[PDB]
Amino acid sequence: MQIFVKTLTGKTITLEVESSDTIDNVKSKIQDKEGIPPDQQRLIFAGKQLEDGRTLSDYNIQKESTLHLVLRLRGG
């Protein structure tokens, strides 16, 4: 299935995934496309942060779902 990952910059990333894919595996597809190490990826969907060791289906992520790649910021 096709899902989308939107970054805090507004960039959209299109990924081909399966419901049983692990978050670890989705993050590596993001690393291929964006060059972002999985360690630094914060993925949130429908009020949940996606954790390594779970699958897309554990979070009920569907065809055409949009995930958000978010960041913590150091200013204050």
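We call the rigid core the largest set of C-alpha positions that still match within 1.5 Å between the two forms. A residue's number is simply how far along the shown sequence it sits, counting from 1.
Choosing between 12-20 and 64-72, the greater Cα displacement from the shown form in 4 other deposited structures of this protein, fitted by the core, goes with 64-72. Comparing the two stretches 31-39 and 45-53 by root mean square C-alpha distance in 4 other deposited structures of this protein, with all structures fitted on the core, the more displaced one is 45-53. When 25-33 is weighed against 40-48, 25-33 comes out higher, by mean CA B-factor as recorded in the entry. Residue-level temperature factors show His68 in the lowest third of its chain, judged at the C-alpha atom.
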